[PDB]
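Q: Dropping in coords_10.cif, which is mmCIF, C-alpha atoms:
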data_my_file
#
loop_
_atom_site.group_PDB
_atom_site.id
_atom_site.type_symbol
_atom_site.label_atom_id
_atom_site.label_comp_id
_atom_site.auth_asym_id
_atom_site.auth_seq_id
_atom_site.Cartn_x
_atom_site.Cartn_y
_atom_site.Cartn_z
ATOM 1 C CA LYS A 1 70.481 -77.102 39.293
ATOM 2 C CA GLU A 2 72.280 -75.314 42.143
ATOM 3 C CA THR A 3 72.502 -71.581 41.409
ATOM 4 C CA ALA A 4 75.856 -69.714 41.173
ATOM 5 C CA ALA A 5 75.043 -67.814 44.372
ATOM 6 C CA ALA A 6 74.297 -71.003 46.313
ATOM 7 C CA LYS A 7 77.419 -72.601 44.846
ATOM 8 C CA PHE A 8 79.452 -69.653 46.155
ATOM 9 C CA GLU A 9 78.056 -70.186 49.676
ATOM 10 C CA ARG A 10 78.764 -73.909 49.558
ATOM 11 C CA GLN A 11 82.295 -73.526 48.250
ATOM 12 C CA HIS A 12 83.415 -70.478 50.213
ATOM 13 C CA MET A 13 81.355 -69.608 53.275
ATOM 14 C CA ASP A 14 82.053 -70.856 56.796
ATOM 15 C CA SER A 15 80.260 -68.520 59.222
ATOM 16 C CA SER A 16 80.232 -71.263 61.863
ATOM 17 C CA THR A 17 83.905 -70.829 62.799
ATOM 18 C CA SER A 18 86.004 -67.695 63.336
ATOM 19 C CA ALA A 19 89.136 -69.337 61.877
ATOM 20 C CA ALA A 20 90.681 -72.712 61.047
ATOM 21 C CA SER A 21 91.624 -74.351 64.371
ATOM 22 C CA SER A 22 93.743 -77.293 63.205
ATOM 23 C CA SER A 23 95.831 -78.476 60.268
ATOM 24 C CA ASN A 24 92.948 -80.792 59.295
ATOM 25 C CA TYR A 25 90.437 -78.038 58.609
ATOM 26 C CA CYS A 26 90.890 -78.056 54.829
ATOM 27 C CA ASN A 27 90.811 -81.819 54.507
ATOM 28 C CA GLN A 28 87.543 -81.943 56.464
ATOM 29 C CA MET A 29 85.816 -79.013 54.754
ATOM 30 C CA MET A 30 86.812 -79.766 51.186
ATOM 31 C CA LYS A 31 85.317 -83.225 51.634
ATOM 32 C CA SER A 32 82.191 -82.187 53.573
ATOM 33 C CA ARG A 33 81.330 -79.412 51.101
ATOM 34 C CA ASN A 34 81.549 -81.921 48.206
ATOM 35 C CA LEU A 35 84.437 -80.124 46.526
ATOM 36 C CA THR A 36 86.409 -83.374 46.045
ATOM 37 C CA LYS A 37 83.599 -85.511 44.596
ATOM 38 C CA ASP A 38 84.674 -85.708 40.948
ATOM 39 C CA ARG A 39 88.280 -84.624 41.371
ATOM 40 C CA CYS A 40 90.577 -82.845 43.862
ATOM 41 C CA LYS A 41 89.924 -79.101 43.474
ATOM 42 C CA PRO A 42 93.498 -77.692 43.497
ATOM 43 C CA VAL A 43 92.839 -74.604 45.660
ATOM 44 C CA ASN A 44 89.928 -73.129 47.643
ATOM 45 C CA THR A 45 89.365 -70.295 50.130
ATOM 46 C CA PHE A 46 86.801 -70.373 52.932
ATOM 47 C CA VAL A 47 85.628 -67.091 54.474
ATOM 48 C CA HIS A 48 84.825 -66.929 58.213
ATOM 49 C CA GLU A 49 82.342 -64.074 58.313
ATOM 50 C CA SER A 50 78.609 -63.673 58.175
ATOM 51 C CA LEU A 51 77.077 -64.150 54.747
ATOM 52 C CA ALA A 52 75.622 -60.612 55.027
ATOM 53 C CA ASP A 53 79.107 -59.029 55.436
ATOM 54 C CA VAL A 54 80.367 -60.974 52.415
ATOM 55 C CA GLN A 55 77.286 -60.086 50.322
ATOM 56 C CA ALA A 56 77.935 -56.433 51.257
ATOM 57 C CA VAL A 57 81.236 -56.518 49.348
ATOM 58 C CA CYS A 58 79.172 -56.247 46.138
ATOM 59 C CA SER A 59 78.616 -52.593 47.026
ATOM 60 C CA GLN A 60 82.188 -51.812 48.057
ATOM 61 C CA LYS A 61 85.361 -51.174 46.036
ATOM 62 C CA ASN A 62 84.818 -51.932 42.326
ATOM 63 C CA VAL A 63 87.953 -53.380 40.688
ATOM 64 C CA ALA A 64 88.796 -55.465 37.605
ATOM 65 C CA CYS A 65 88.830 -59.231 38.156
ATOM 66 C CA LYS A 66 92.029 -61.190 37.523
ATOM 67 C CA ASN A 67 90.508 -62.147 34.129
ATOM 68 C CA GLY A 68 89.674 -58.524 33.192
ATOM 69 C CA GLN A 69 85.942 -58.584 33.984
ATOM 70 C CA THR A 70 84.774 -55.400 35.654
ATOM 71 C CA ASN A 71 82.129 -56.853 37.923
ATOM 72 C CA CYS A 72 84.631 -57.594 40.744
ATOM 73 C CA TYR A 73 84.655 -55.866 44.147
ATOM 74 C CA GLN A 74 87.207 -55.717 46.960
ATOM 75 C CA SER A 75 86.354 -55.586 50.651
ATOM 76 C CA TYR A 76 87.096 -52.305 52.343
ATOM 77 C CA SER A 77 88.183 -54.294 55.431
ATOM 78 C CA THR A 78 90.197 -57.455 55.961
ATOM 79 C CA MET A 79 88.368 -60.751 56.634
ATOM 80 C CA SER A 80 89.284 -64.029 58.314
ATOM 81 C CA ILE A 81 89.977 -66.581 55.566
ATOM 82 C CA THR A 82 91.428 -70.087 55.319
ATOM 83 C CA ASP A 83 93.391 -70.980 52.198
ATOM 84 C CA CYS A 84 93.341 -74.622 51.180
ATOM 85 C CA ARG A 85 95.972 -75.872 48.764
ATOM 86 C CA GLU A 86 96.597 -79.419 47.571
ATOM 87 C CA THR A 87 99.640 -81.154 49.003
ATOM 88 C CA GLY A 88 102.271 -83.120 47.067
ATOM 89 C CA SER A 89 100.708 -86.318 48.466
ATOM 90 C CA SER A 90 97.167 -85.510 47.344
ATOM 91 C CA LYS A 91 95.706 -88.241 45.129
ATOM 92 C CA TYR A 92 92.107 -88.755 44.133
ATOM 93 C CA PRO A 93 89.923 -89.858 45.819
ATOM 94 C CA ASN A 94 92.167 -89.138 48.817
ATOM 95 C CA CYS A 95 92.555 -85.407 48.244
ATOM 96 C CA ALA A 96 94.855 -83.793 50.839
ATOM 97 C CA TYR A 97 95.245 -80.109 51.640
ATOM 98 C CA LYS A 98 97.525 -77.667 53.418
ATOM 99 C CA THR A 99 95.558 -75.291 55.721
ATOM 100 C CA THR A 100 96.606 -71.614 55.964
ATOM 101 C CA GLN A 101 94.695 -69.124 58.142
ATOM 102 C CA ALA A 102 95.010 -65.384 57.335
ATOM 103 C CA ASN A 103 93.273 -62.018 57.472
ATOM 104 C CA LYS A 104 93.058 -60.416 54.051
ATOM 105 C CA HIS A 105 90.831 -58.328 51.871
ATOM 106 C CA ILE A 106 88.793 -60.450 49.483
ATOM 107 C CA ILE A 107 87.796 -59.838 45.870
ATOM 108 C CA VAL A 108 84.572 -61.357 44.585
ATOM 109 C CA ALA A 109 82.619 -61.194 41.331
ATOM 110 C CA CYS A 110 78.960 -60.208 41.683
ATOM 111 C CA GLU A 111 75.860 -60.635 39.550
ATOM 112 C CA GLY A 112 72.112 -60.979 39.522
ATOM 113 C CA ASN A 113 69.332 -59.345 41.461
ATOM 114 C CA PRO A 114 69.860 -59.217 44.352
ATOM 115 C CA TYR A 115 73.451 -58.432 43.295
ATOM 116 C CA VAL A 116 75.421 -61.070 45.228
ATOM 117 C CA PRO A 117 78.808 -62.865 45.063
ATOM 118 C CA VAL A 118 79.053 -65.700 42.566
ATOM 119 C CA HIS A 119 82.831 -66.163 42.327
ATOM 120 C CA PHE A 120 85.800 -65.772 44.645
ATOM 121 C CA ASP A 121 88.502 -64.009 42.658
ATOM 122 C CA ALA A 122 91.385 -63.491 45.070
ATOM 123 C CA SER A 123 92.465 -62.365 48.513
ATOM 124 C CA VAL A 124 94.945 -59.521 48.960
#
Would you mind writing the file's structure down as structure tokens?
A:
Amino acid sequence: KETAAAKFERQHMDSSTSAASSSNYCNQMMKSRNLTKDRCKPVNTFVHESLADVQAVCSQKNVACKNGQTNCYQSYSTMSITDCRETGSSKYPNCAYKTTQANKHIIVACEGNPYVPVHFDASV
């Protein structure tokens, strides 16, 4: 089965673009990354940076996750991210999303060896 680390890359990494270029970015990516296969995932954040810079966050600012876990880390610097949020018209299998580009610090949960991101906690 796909590992948590690989799942993180599939669900959140988009090193191939610097930012979302059109309102259709979320619709296209959510579908292409298989995030809408069984149901419309309500929200998702893509990160437009190299995997290495995102993996590096696991050795940056240690902070408590939203759920209280203490294996979360916050990026020292801001990162280019695209927030995808379901629209009022979204209906499975035709999941629809609102695309929002921003530059924020990200918070990820890390685990394993190598110690890498396995969950996107929040952007601040």
Q: Can you pull out every residue within 12 Å of range 22-29 of chain A, counting all atoms listed in the file, but drop anything in the same chain fewer than 4 positions away, and send it as a PDB file with C-alpha atoms, keeping the file's coordinate frame?
A:
ATOM      1  CA  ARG A  10      78.764 -73.909  49.558  1.00  0.00           C
ATOM      2  CA  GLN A  11      82.295 -73.526  48.250  1.00  0.00           C
ATOM      3  CA  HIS A  12      83.415 -70.478  50.213  1.00  0.00           C
ATOM      4  CA  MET A  13      81.355 -69.608  53.275  1.00  0.00           C
ATOM      5  CA  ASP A  14      82.053 -70.856  56.796  1.00  0.00           C
ATOM      6  CA  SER A  16      80.232 -71.263  61.863  1.00  0.00           C
ATOM      7  CA  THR A  17      83.905 -70.829  62.799  1.00  0.00           C
ATOM      8  CA  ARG A  33      81.330 -79.412  51.101  1.00  0.00           C
ATOM      9  CA  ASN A  34      81.549 -81.921  48.206  1.00  0.00           C
ATOM     10  CA  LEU A  35      84.437 -80.124  46.526  1.00  0.00           C
ATOM     11  CA  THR A  36      86.409 -83.374  46.045  1.00  0.00           C
ATOM     12  CA  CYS A  40      90.577 -82.845  43.862  1.00  0.00           C
ATOM     13  CA  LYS A  41      89.924 -79.101  43.474  1.00  0.00           C
ATOM     14  CA  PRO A  42      93.498 -77.692  43.497  1.00  0.00           C
ATOM     15  CA  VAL A  43      92.839 -74.604  45.660  1.00  0.00           C
ATOM     16  CA  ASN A  44      89.928 -73.129  47.643  1.00  0.00           C
ATOM     17  CA  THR A  45      89.365 -70.295  50.130  1.00  0.00           C
ATOM     18  CA  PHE A  46      86.801 -70.373  52.932  1.00  0.00           C
ATOM     19  CA  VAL A  47      85.628 -67.091  54.474  1.00  0.00           C
ATOM     20  CA  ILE A  81      89.977 -66.581  55.566  1.00  0.00           C
ATOM     21  CA  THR A  82      91.428 -70.087  55.319  1.00  0.00           C
ATOM     22  CA  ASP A  83      93.391 -70.980  52.198  1.00  0.00           C
ATOM     23  CA  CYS A  84      93.341 -74.622  51.180  1.00  0.00           C
ATOM     24  CA  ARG A  85      95.972 -75.872  48.764  1.00  0.00           C
ATOM     25  CA  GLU A  86      96.597 -79.419  47.571  1.00  0.00           C
ATOM     26  CA  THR A  87      99.640 -81.154  49.003  1.00  0.00           C
ATOM     27  CA  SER A  90      97.167 -85.510  47.344  1.00  0.00           C
ATOM     28  CA  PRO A  93      89.923 -89.858  45.819  1.00  0.00           C
ATOM     29  CA  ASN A  94      92.167 -89.138  48.817  1.00  0.00           C
ATOM     30  CA  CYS A  95      92.555 -85.407  48.244  1.00  0.00           C
ATOM     31  CA  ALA A  96      94.855 -83.793  50.839  1.00  0.00           C
ATOM     32  CA  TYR A  97      95.245 -80.109  51.640  1.00  0.00           C
ATOM     33  CA  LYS A  98      97.525 -77.667  53.418  1.00  0.00           C
ATOM     34  CA  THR A  99      95.558 -75.291  55.721  1.00  0.00           C
ATOM     35  CA  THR A 100      96.606 -71.614  55.964  1.00  0.00           C
ATOM     36  CA  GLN A 101      94.695 -69.124  58.142  1.00  0.00           C
TER      37      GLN A 101
END
Q: Could you write out as a PyMOL selection string the residues that the PyMOL selection byres ((chain A and resi 105-111) around 7) matches in the shown file?
A: chain A and resi 58+71-75+77-79+104+112-113+115-124
Q: Edge lengths and centre, in Å to one decimal, as JSON: that's what I need for the box along x, y and z that holds all listed atoms of range 17-35 of chain A plus 4 Å on each side.
A:
{"center_x": 88.6, "center_y": -75.5, "center_z": 55.4, "size_x": 22.5, "size_y": 23.5, "size_z": 25.8}
Q: By how many Å are CA of residue 53 in chain A and CA of residue 69 in chain A apart?
A: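 Answer for the CA of residue 53 in chain A to CA of residue 69 in chain A separation: 22.5 Å.
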Q: Within 8 Å of (76.1, -66.1, 47.3), in the coordinates the file gives, what residues turn up when you count all atoms listed in the file, written out as a list in words?
A: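 With a cut-off of 8 Å, the residues come to residues 4, 5, 6, 7, 8, 9, 51, 55, 116, 117 and 118 of chain A.
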